[PDB]
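Heads up, the chain below is alone and in the form deposited in one PDB entry; it's given as structure tokens.
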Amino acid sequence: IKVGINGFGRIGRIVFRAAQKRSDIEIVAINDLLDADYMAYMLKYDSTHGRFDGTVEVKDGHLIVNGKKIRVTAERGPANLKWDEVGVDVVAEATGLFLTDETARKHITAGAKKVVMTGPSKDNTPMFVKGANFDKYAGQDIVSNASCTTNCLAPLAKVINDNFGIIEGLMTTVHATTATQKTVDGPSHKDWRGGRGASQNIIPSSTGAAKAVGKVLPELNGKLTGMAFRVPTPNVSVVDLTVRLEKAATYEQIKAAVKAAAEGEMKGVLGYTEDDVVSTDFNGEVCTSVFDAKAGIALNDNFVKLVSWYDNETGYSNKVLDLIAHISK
């Protein structure tokens, strides 16, 4: 499966690094407003995930990563990309600028077969999260992988709902710093709080990742919404799911249910741990949701507080390839 990446940002670079560890997905073309010499630098060195495992050179204005040529372009218009020349099947849309079917279809016009958005769709484009609704894919040409927080809350909420039933849920993600925020109190027209100093503040932020669970899980629609807190960590976030259960269940029964799915139908997606883990213990975690058993707490048999870790970069990126590989079946 030849895959072309549009937008060599944080998600774009981690999708590239995760593809080097897979055999069914091969990156063949990258497009961003950067020269080839700069793209080789942002791949070779990474402050969060260390140096790149492999070789990377620049020749003829193109990258040579692990002895494989990769076409580099800087087309601002998605239709002028000419994916026919390099032969791309699925385009990884990782710019955040084209999150609609009208704007993402320019890759189909440019010579691609399918498009996967690395973000929550802004229109009626269907969103798919692994372990939640990957079976509901009906061969659409443009899909979406929702958000990274949705890829963490949906697999956990599905197991809790299928076992005990969620009447109403209220979540909160202690999120890490992203490239949206500022290092120092700067301007931010869309979000005033987001313009404050990231390394100095606990910045509240609104998110619709919990309300988006109702789209990938129609049985939980209108039963989930939440918020966020941006904290001065470079990577790895954690959600705080607070749900009211329909069936009475103890915490030891909740741990056994999450552990059964972690070792069963949701292996590789929903993780499970009983260790004294912290955030940096999940830097580079492939799982999109790791349930922290000792961190959670319950008030009674029908009101519990669940804790689940997730990497907002590595975990979501690996599930972008999993969505590319699923639509290609």
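Residue numbers run from 1 along the displayed sequence.
Trainee: Using the B-factors recorded in the PDB entry, average over the C-alpha atoms of 140-148 and of 103-111, then report which stretch comes out higher.
Mentor: Of 103-111 and 140-148, the stretch with the higher C-alpha B-factor average is 103-111.
Trainee: Taking the recorded C-alpha temperature factors, which stretch has the higher mean, 289-297 or 56-64?
Mentor: It is 56-64 that shows the higher mean C-alpha B-factor.
Trainee: By the entry's C-alpha temperature factors, tell me which of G195, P155, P120, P218 sits highest.
Mentor: Answer for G195, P155, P120, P218: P218, with the highest C-alpha B-factor.
Trainee: Just grab whichever of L241, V184, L81, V236 has the top CA B-factor as deposited.
Mentor: Top of the list by C-alpha B-factor: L81.
Trainee: If you rank the chain by CA B-factor, which third does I11 end up in: lowest, middle or highest?
Mentor: Within its chain, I11 is a highest-third residue by C-alpha B-factor, going by the deposited values.
Trainee: Of the three thirds of its chain by CA temperature factor, lowest, middle or highest, which one includes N318?
Mentor: For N318, whose C-alpha B-factor we compare with every modelled residue in the chain, the answer is the middle third.
Trainee: By the recorded C-alpha temperature factor, relative to the other modelled residues in its chain, which third is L245 in?
Mentor: It falls in the middle third of the chain.
Trainee: Lowest, middle or highest third: which one holds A325 when the chain's residues are ordered by CA B-factor from the entry?
Mentor: Bottom third by C-alpha B-factor.
Trainee: When the modelled residues of the chain are sorted by Cα temperature factor, does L43 land in the lowest, middle or highest third?
Mentor: It belongs to the middle third of the chain when residues are ordered by C-alpha B-factor.
Keep in mind the form solved in complex with a small molecule is missing from the figure; the text below concerns it.
Trainee: So which of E219, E168, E75, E246 gets a non-hydrogen atom within 4.5 Å of the small molecule in the bound PDB entry?
Mentor: Selected option: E75.
Trainee: Identify which of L156, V129, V115, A94 has a heavy atom within 4.5 Å of the small molecule in the bound PDB entry; exactly one of them does.
Mentor: Residue within 4.5 Å of the partner: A94.
Trainee: Only one of 129-137, 95-103, 156-164, 255-263 gets a heavy atom within 4.5 Å of the small molecule in the bound PDB entry; which is it?
Mentor: Comparing against the small molecule in the bound PDB entry, the contact stretch is 95-103.
Trainee: Considering non-hydrogen atoms and a 4.5 Å limit, does the small molecule approach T125 in the bound PDB entry?
Mentor: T125: no contact with the small molecule in the bound PDB entry.
Trainee: So in the bound PDB entry, is the small molecule close enough to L321 to count as touching (4.5 Å, heavy atoms)?
Mentor: Judged by the heavy-atom cut-off of 4.5 Å, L321 is well away from the small molecule in the bound PDB entry.
Trainee: Should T225 be classed as touching the small molecule in the bound PDB entry when contacts are defined as heavy atoms within 4.5 Å?
Mentor: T225: no contact with the small molecule in the bound PDB entry.
Trainee: Using heavy atoms and a 4.5 Å limit, would one call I297 a contact residue for the small molecule in the bound PDB entry?
Mentor: Result no; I297 lies far from the small molecule in the bound PDB entry.
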